[PDB]
Structures are given as C-alpha cells and as structure tokens.
Amino acid sequence: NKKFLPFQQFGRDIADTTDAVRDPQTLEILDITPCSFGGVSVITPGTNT
Amino acid sequence: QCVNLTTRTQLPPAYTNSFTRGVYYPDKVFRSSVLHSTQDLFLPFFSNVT
Amino acid sequence: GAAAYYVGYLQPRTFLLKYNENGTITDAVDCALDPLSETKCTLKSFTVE
Ligand SMILES: *[C@@H]1O[C@H](CO)[C@@H](O)[C@H](O)[C@H]1NC(C)=O
Ligand SMILES: *[C@@H]1O[C@H](CO)[C@@H](O)[C@H](O)[C@H]1NC(C)=O
C-alpha cells in the first residue's frame, strides 16, 4: 500500500533486503512475504512409557 | 560566428554557499521510515558555489 | 537582462537521510562537516542525547 514513484521500484526493509517490488511490464505495487516457515519440533514421552 | 558580446563585463567568479542543496535520490529504490546513510558524489554543504 | 544561475561541484561526500511514511527524503545530514555531523553519522541518528 506504499507510495511508489514511477521510477521507484525496490522497497527496502530495515534489514536492507528486497521488500516491495513492481513488475517492469505492468505497473503494480506488490508486497513480498518470505517462505520457509520455522523448524521441526517433536513431542514425545518416555519410550518405556 | 566571431562577433563579441555587447556588454561583456570582466567580472570575477564570486562565491555563495550551498546550504542544503544537492540532495538527490542515490538510486531508484524506495525506502520507508528508515535512516539510511551512504557515500556518493554529493554537493558538499556550505561550500563555495560560484 | 536580470538572470541568475548557480554552479556547484559534485564531490564524494557521505550523507545521512531520513525517510517519511511516503518514502520521500525528509531530512539530510552531512557526515564529514564537523565532529557533530560525524557524531550524528556515527550513531546512525541525528538526535544525539
Ligand atoms: C570561499 O573562498 C574564499 C576565497 O576565495 C574563502 O575566503 C572563503 O572562506 C570560501 N568560503 C567558504 C564557505 O569556505
Ligand atoms: C503522505 O501523503 C499523503 C497524501 O496526501 C499525506 O496526507 C500524508 O500526510 C503524507 N505523509 C507523510 C509522512 O508525508
């Protein structure tokens, strides 16, 4: 929902990476949310139980 | 041509000061609410502009 | 007739910027002007306590 000037293409975050973009073919404001959510947690009781 | 100016005055190149002028976008990259800082070919503050 | 135009020279300085919500440059702070500007660029903030 930001204010992209027509030359402004790349939104940067505080972490200085790519945040918000625009298609060079069609003028449109986009937002990016990265994939690879978290890790694997395993719950188990005692094996003898 | 070779015709000179009518009232060409031989004046020296006098000096003033660029107060906050010469602040350009370093690239075509959008930012939001951050305090970025970088080095590029700038207009220095308060220097003798002709 | 009455006409004014000014000439500046570009030099590799280092500046501090401030962006608003809309992403325009709101404020510009030099680094290598005085040790106060050096301090403001060192702290990555122009509000030194
Ligand atoms: C501009 O140049 C003159 C000498 O030509 C010098 O005295 C003056 O300090 C300079 N201006 C600044 C802001 O340094
Ligand atoms: C952003 O632009 C809108 C457009 O009118 C304005 O109302 C708002 O105050 C601006 N915000 C900033 C932080 O400049």
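A. Highlighting the overall build of chain A. Along its length, chain A carries zero helices and two strands. For chain A, the residues scored as buried account for 12% of the 49 residues in total. The long-range fraction of contacts in chain A, counting pairs at least 24 apart against all pairs at least 6 apart in sequence, stands at 10%. Here chain A contributes 4 positive and 6 negative side-chain charges, whose respective centroids are spaced 8 Å apart.

B. Inspection of the sheet that holds strand β1 (residues 11–19) of chain C at higher detail. Strand order across the open sheet formed by three strands is β3(B)-β1(C)-β2(C), with antiparallel pairing between neighbours. Two strands bound the open sheet, and with one partner strand each, they are β3 (37–42) of chain B together with β2 (25–30) of chain C. Taking each pair of neighbouring strands and ignoring which way they run, the sheet shows an average axis angle of 45°. Pairing analysis gives six bridges linking β3(B) to β1(C), with the strands arranged antiparallel. Counted as the bridge partner of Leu41(B) is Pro12(C) from β1(C).

C. How the structure looks around the sheet that holds strand β2 (residues 29–30) of chain B. With respect to topology, three strands assemble into an open sheet ordered β2(A)-β1(A)-β2(B), the strand pairing being mixed. Each edge of the sheet is formed by a strand with only one pairing partner; in this case those strands are β2 (18–20) of chain A together with β2 of chain B. Here strand β1 (residues 10–12) of chain A runs beside β2(A); their pairing, made up of two bridges, is antiparallel. For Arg12(A), the partnering residue across the bridge sits in β2(A) and is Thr18(A).

D. The site of ligand 2, seen in detail. The full set of residues close to ligand 2 is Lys3(A), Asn20(C), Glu21(C) and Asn22(C). Site remark: ligand 2 is flanked by residues from chains A and C. A distance of 3.0 Å separates an oxygen atom of ligand 2 from a polar side-chain atom of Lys3(A). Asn22(C) is positioned with one of its side-chain polar atoms (N or O) 2.4 Å from an oxygen atom of ligand 2. Bound to the protein, ligand 2 loses 35% of the 360 Å² it would expose on its own.

E. Structural view of the interface of chain B and chain C. Each partner contributes to the interface: chain B provides 24 residues, whereas chain C provides 29 residues. Taken over both partners, the interface formed by chain B and chain C buries close to 2,300 Å², and the fraction arising from carbon and sulfur atoms is 63%. Area buried by chain B at its contact with chain C is led by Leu35(B), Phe42(B) and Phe45(B), which between them contribute 25% of it. The interface formed by chain B and chain C includes zero salt bridges. Along the contact surface separating chain B from chain C lie 10 residue pairs in polar contact. When residues in the side of chain B that touches chain C are grouped by element, the largest group, six residues, is from β3(B).

Parameters and conventions
Residues numbered from 1 in each chain as written, not as in the entry; some residues may be left out. Chains lettered and ligands numbered in written order. Part of a larger assembly, values for the part shown. Heavy atoms only, no water. Helix = DSSP H or I, 4+ residues; strand = E, 2+ residues; numbered from the N terminus. Buried < 20%, exposed > 50% of the residue type's maximum accessible area, 1.4 Å probe, protein only. Contact = heavy atoms within 4.5 Å. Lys, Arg positive; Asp, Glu negative; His and termini not counted. Charge placed at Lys NZ, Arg CZ, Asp CG, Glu CD. Pairing = 2+ DSSP bridges. Axes fitted to C-alpha atoms, helices over the stretch in contact; angles between N-to-C directions. Near = heavy atom within 4 Å. Polar contact = N/O pair within 3.5 Å; in protein donor to acceptor, adjacent residues only side chain to side chain. Areas by Shrake-Rupley, 256 points an atom, 1.4 Å probe, with all protein chains shown as cover. Buried area = accessible area lost by both parts, 1.4 Å probe. Salt bridge = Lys/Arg side-chain N within 4 Å of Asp/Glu carboxyl O.

By themselves these figures say nothing about function.
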